[PDB]
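Below: model.pdb (PDB, C-alpha atoms and all ligand atoms)
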ATOM      1  CA  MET N   1      65.902 395.355 161.229
ATOM      2  CA  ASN N   2      63.225 397.119 159.377
ATOM      3  CA  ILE N   3      60.436 396.465 156.828
ATOM      4  CA  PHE N   4      62.704 397.365 153.985
ATOM      5  CA  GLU N   5      65.225 394.744 154.976
ATOM      6  CA  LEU N   6      62.481 392.241 155.672
ATOM      7  CA  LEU N   7      60.881 392.596 152.319
ATOM      8  CA  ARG N   8      64.176 392.706 150.552
ATOM      9  CA  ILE N   9      64.833 389.315 152.096
ATOM     10  CA  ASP N  10      61.374 387.895 151.222
ATOM     11  CA  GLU N  11      61.208 389.205 147.717
ATOM     12  CA  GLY N  12      64.736 389.361 146.435
ATOM     13  CA  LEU N  13      65.828 391.905 143.826
ATOM     14  CA  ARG N  14      65.641 391.248 140.055
ATOM     15  CA  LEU N  15      66.538 393.960 137.444
ATOM     16  CA  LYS N  16      64.887 392.284 134.499
ATOM     17  CA  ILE N  17      61.213 391.319 134.157
ATOM     18  CA  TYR N  18      60.411 387.912 135.802
ATOM     19  CA  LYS N  19      57.471 385.788 136.826
ATOM     20  CA  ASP N  20      56.576 385.605 140.483
ATOM     21  CA  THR N  21      55.508 382.469 142.481
ATOM     22  CA  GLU N  22      52.059 382.790 140.747
ATOM     23  CA  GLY N  23      53.515 383.210 137.223
ATOM     24  CA  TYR N  24      52.770 387.084 137.064
ATOM     25  CA  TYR N  25      55.124 389.574 135.478
ATOM     26  CA  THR N  26      57.182 391.346 138.102
ATOM     27  CA  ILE N  27      60.381 393.369 138.434
ATOM     28  CA  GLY N  28      62.488 394.812 141.128
ATOM     29  CA  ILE N  29      61.729 394.004 144.695
ATOM     30  CA  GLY N  30      58.440 392.244 144.214
ATOM     31  CA  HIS N  31      56.945 395.028 142.079
ATOM     32  CA  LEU N  32      54.062 393.360 140.282
ATOM     33  CA  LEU N  33      53.555 394.808 136.795
ATOM     34  CA  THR N  34      50.624 392.840 135.487
ATOM     35  CA  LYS N  35      48.374 389.762 135.938
ATOM     36  CA  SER N  36      48.190 389.519 132.235
ATOM     37  CA  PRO N  37      49.844 386.712 130.309
ATOM     38  CA  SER N  38      51.380 389.235 127.901
ATOM     39  CA  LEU N  39      54.969 390.223 128.120
ATOM     40  CA  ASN N  40      54.144 393.220 125.957
ATOM     41  CA  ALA N  41      51.495 394.376 128.354
ATOM     42  CA  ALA N  42      54.108 393.889 131.117
ATOM     43  CA  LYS N  43      56.737 395.930 129.189
ATOM     44  CA  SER N  44      54.234 398.636 128.650
ATOM     45  CA  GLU N  45      53.311 398.837 132.320
ATOM     46  CA  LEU N  46      57.053 398.832 133.090
ATOM     47  CA  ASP N  47      57.712 401.911 130.907
ATOM     48  CA  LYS N  48      54.689 403.664 132.350
ATOM     49  CA  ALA N  49      55.890 403.000 135.855
ATOM     50  CA  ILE N  50      59.539 404.187 135.274
ATOM     51  CA  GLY N  51      58.760 406.967 132.851
ATOM     52  CA  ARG N  52      61.080 405.730 130.160
ATOM     53  CA  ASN N  53      61.456 403.259 127.434
ATOM     54  CA  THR N  54      63.065 400.493 129.348
ATOM     55  CA  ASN N  55      62.844 397.401 127.259
ATOM     56  CA  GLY N  56      62.243 395.139 130.348
ATOM     57  CA  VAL N  57      65.391 396.173 132.208
ATOM     58  CA  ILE N  58      65.753 398.666 135.080
ATOM     59  CA  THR N  59      68.523 399.927 137.214
ATOM     60  CA  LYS N  60      69.031 399.478 140.893
ATOM     61  CA  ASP N  61      68.037 402.983 141.641
ATOM     62  CA  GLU N  62      64.788 402.621 139.676
ATOM     63  CA  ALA N  63      64.134 399.343 141.556
ATOM     64  CA  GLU N  64      64.623 401.161 144.859
ATOM     65  CA  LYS N  65      62.291 403.872 143.865
ATOM     66  CA  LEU N  66      59.468 401.521 143.003
ATOM     67  CA  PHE N  67      60.243 399.801 146.361
ATOM     68  CA  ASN N  68      59.840 402.943 148.410
ATOM     69  CA  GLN N  69      56.643 403.725 146.671
ATOM     70  CA  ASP N  70      55.281 400.253 147.183
ATOM     71  CA  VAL N  71      56.120 400.250 150.866
ATOM     72  CA  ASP N  72      54.482 403.548 151.252
ATOM     73  CA  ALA N  73      51.311 402.465 149.438
ATOM     74  CA  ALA N  74      51.088 399.339 151.697
ATOM     75  CA  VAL N  75      51.243 401.390 154.867
ATOM     76  CA  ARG N  76      48.716 403.694 153.392
ATOM     77  CA  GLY N  77      46.406 400.940 152.477
ATOM     78  CA  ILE N  78      46.533 399.726 156.066
ATOM     79  CA  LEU N  79      45.766 403.080 157.575
ATOM     80  CA  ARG N  80      42.996 403.544 155.216
ATOM     81  CA  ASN N  81      41.423 400.101 155.782
ATOM     82  CA  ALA N  82      38.657 399.850 158.463
ATOM     83  CA  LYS N  83      39.537 396.251 159.282
ATOM     84  CA  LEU N  84      43.280 396.748 159.110
ATOM     85  CA  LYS N  85      43.936 399.995 160.856
ATOM     86  CA  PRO N  86      42.736 399.090 164.327
ATOM     87  CA  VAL N  87      44.885 395.998 164.198
ATOM     88  CA  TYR N  88      47.956 397.701 163.095
ATOM     89  CA  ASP N  89      47.479 400.422 165.695
ATOM     90  CA  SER N  90      47.199 397.814 168.425
ATOM     91  CA  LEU N  91      50.471 396.127 167.550
ATOM     92  CA  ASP N  92      53.989 396.762 168.646
ATOM     93  CA  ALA N  93      56.655 397.921 166.156
ATOM     94  CA  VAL N  94      57.985 394.510 165.319
ATOM     95  CA  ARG N  95      54.605 392.993 164.657
ATOM     96  CA  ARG N  96      53.445 395.979 162.571
ATOM     97  CA  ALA N  97      56.225 395.118 160.124
ATOM     98  CA  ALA N  98      54.819 391.629 159.855
ATOM     99  CA  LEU N  99      51.422 393.051 158.884
ATOM    100  CA  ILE N 100      52.994 395.315 156.263
ATOM    101  CA  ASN N 101      54.762 392.291 154.754
ATOM    102  CA  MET N 102      51.571 390.471 154.253
ATOM    103  CA  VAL N 103      49.810 393.505 152.778
ATOM    104  CA  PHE N 104      52.637 394.033 150.342
ATOM    105  CA  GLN N 105      52.431 390.403 149.317
ATOM    106  CA  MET N 106      48.803 390.004 149.051
ATOM    107  CA  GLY N 107      47.089 393.240 148.992
ATOM    108  CA  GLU N 108      44.906 395.008 151.405
ATOM    109  CA  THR N 109      41.822 393.230 150.347
ATOM    110  CA  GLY N 110      43.418 389.762 150.686
ATOM    111  CA  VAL N 111      44.802 390.460 154.156
ATOM    112  CA  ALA N 112      41.557 392.081 155.328
ATOM    113  CA  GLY N 113      39.960 388.605 154.595
ATOM    114  CA  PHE N 114      41.941 386.991 157.504
ATOM    115  CA  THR N 115      39.187 388.169 159.918
ATOM    116  CA  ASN N 116      39.741 385.508 162.503
ATOM    117  CA  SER N 117      43.478 385.893 162.591
ATOM    118  CA  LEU N 118      43.119 389.653 162.775
ATOM    119  CA  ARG N 119      40.854 389.405 165.731
ATOM    120  CA  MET N 120      43.327 387.164 167.422
ATOM    121  CA  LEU N 121      46.187 389.451 166.718
ATOM    122  CA  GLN N 122      44.113 392.281 168.097
ATOM    123  CA  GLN N 123      43.593 390.199 171.314
ATOM    124  CA  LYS N 124      47.296 389.470 171.509
ATOM    125  CA  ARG N 125      46.777 385.674 171.391
ATOM    126  CA  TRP N 126      49.971 384.979 169.496
ATOM    127  CA  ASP N 127      49.915 381.250 169.553
ATOM    128  CA  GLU N 128      46.354 381.010 168.470
ATOM    129  CA  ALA N 129      46.809 383.574 165.663
ATOM    130  CA  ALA N 130      49.812 381.694 164.419
ATOM    131  CA  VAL N 131      47.803 378.512 164.081
ATOM    132  CA  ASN N 132      44.865 380.236 162.389
ATOM    133  CA  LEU N 133      47.253 382.087 159.969
ATOM    134  CA  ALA N 134      48.807 378.726 158.919
ATOM    135  CA  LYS N 135      45.393 377.447 157.784
ATOM    136  CA  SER N 136      45.485 379.348 154.520
ATOM    137  CA  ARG N 137      46.291 379.052 150.909
ATOM    138  CA  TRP N 138      49.066 381.687 151.577
ATOM    139  CA  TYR N 139      50.853 379.287 153.962
ATOM    140  CA  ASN N 140      50.459 376.270 151.738
ATOM    141  CA  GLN N 141      51.684 378.195 148.708
ATOM    142  CA  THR N 142      54.564 380.051 150.260
ATOM    143  CA  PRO N 143      55.413 378.135 153.398
ATOM    144  CA  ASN N 144      58.989 379.383 154.000
ATOM    145  CA  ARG N 145      57.953 382.942 153.772
ATOM    146  CA  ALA N 146      54.672 382.492 155.628
ATOM    147  CA  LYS N 147      56.491 380.745 158.471
ATOM    148  CA  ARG N 148      58.913 383.722 158.827
ATOM    149  CA  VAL N 149      55.983 386.155 159.044
ATOM    150  CA  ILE N 150      54.044 383.873 161.444
ATOM    151  CA  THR N 151      57.075 383.465 163.709
ATOM    152  CA  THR N 152      57.388 387.174 163.764
ATOM    153  CA  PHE N 153      53.851 387.556 164.928
ATOM    154  CA  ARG N 154      54.313 384.746 167.448
ATOM    155  CA  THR N 155      57.542 385.988 168.985
ATOM    156  CA  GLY N 156      57.542 389.756 168.489
ATOM    157  CA  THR N 157      61.236 389.525 167.376
ATOM    158  CA  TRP N 158      63.089 389.377 163.996
ATOM    159  CA  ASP N 159      64.699 386.137 164.899
ATOM    160  CA  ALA N 160      63.256 384.263 161.875
ATOM    161  CA  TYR N 161      65.235 386.663 159.689
ATOM    162  CA  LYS N 162      68.394 386.959 161.794
ATOM    163  CA  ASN N 163      70.225 384.095 160.248
ATOM    164  CA  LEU N 164      69.128 384.803 156.646
TER     165      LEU N 164
HETATM  166 CL    CL K 201      53.950 402.189 139.474
HETATM  167 CL    CL K 202      57.987 380.766 150.625
END
File written out as structure tokens:
Amino acid sequence: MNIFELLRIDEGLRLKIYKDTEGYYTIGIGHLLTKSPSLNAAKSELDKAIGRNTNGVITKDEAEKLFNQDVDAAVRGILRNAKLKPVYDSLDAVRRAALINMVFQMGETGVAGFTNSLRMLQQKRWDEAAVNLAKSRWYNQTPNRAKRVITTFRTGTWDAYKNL
């Protein structure tokens, strides 16, 4: 499996503007448009992002393109973050995907705030990291997803996604 498949599973795919778990305007594969309560503002960011007058609807190819870009930015954020990079570099391939997932979901700044967990992941103390990671608003808000990510870090396999 790969990050693309993982996120596609975690985020779904919607071709019309929708509200995410937090009530923010989104489209595609978890492509956040705006934190603003205005559908108009969201439609405007949509058009700006696609380069066309979309009227809140996109095609599958446009969704995929935003997706690729978003994955790429996530990786890039990691590599550019002082707290994140050394962790990511220390992990194996499977676990790196888990880190990407969280950055895509919450942003580089948000993830870089899991200091304790990060340190544990760096030390390769899987069980401890998993417990520390579960003590978070993230886990309490999006438990099913968080559990999949956490299991991934714990086991170093894609098993949590293999039945999905
Ligand atoms: Cl964009
Ligand atoms: Cl969830």
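Shortest atom-to-atom contact with residue N:97 among N:15, N:59, N:33, N:74: N:74, counting only C-alpha atoms.
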Checklist entry - Evaluating the PyMOL selection byres (((chain N and resi 81-88) around 8) and not hetatm) on the displayed file yields which residues, as a ChimeraX atom specification? => result /N:77-80,89-91,96,99,108,112,118-119,121-122
Chain N near ligand CL 201 (chain K) within 8 Å: what's each residue's closest atom pair and its distance in Å to one decimal, counting only C-alpha atoms and all ligand atoms, ordered by chain then ascending residue number, as CSV?
residue,atom,partner,partner_atom,distance
N:33,CA,K:CL201,CL,7.9
N:45,CA,K:CL201,CL,7.9
N:46,CA,K:CL201,CL,7.9
N:48,CA,K:CL201,CL,7.3
N:49,CA,K:CL201,CL,4.2
N:50,CA,K:CL201,CL,7.3
N:66,CA,K:CL201,CL,6.6
N:69,CA,K:CL201,CL,7.8
Next on the checklist: With the PyMOL selection byres (((not hetatm)) within 12 of (chain K and resi 202)) as the selection, what would be picked from this file? Answer as a PyMOL selection string, please.
Outcome noted: chain N and resi 9-12+20-22+105+137-150
Item to check | Residue contacts of residue N:41 (12 Å, only C-alpha atoms) excluding same-chain residues fewer than 3 positions away, as a PyMOL selection string | outcome: chain N and resi 17+24-26+33-38+44-48+55-56
Next on the checklist: If I take atom CA of residue N:2 and atom CA of residue N:61, how far is one from the other in Å, to one decimal?
Outcome noted: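 According to the coordinates, atom CA of residue N:2 and atom CA of residue N:61 are separated by 19.3 Å.
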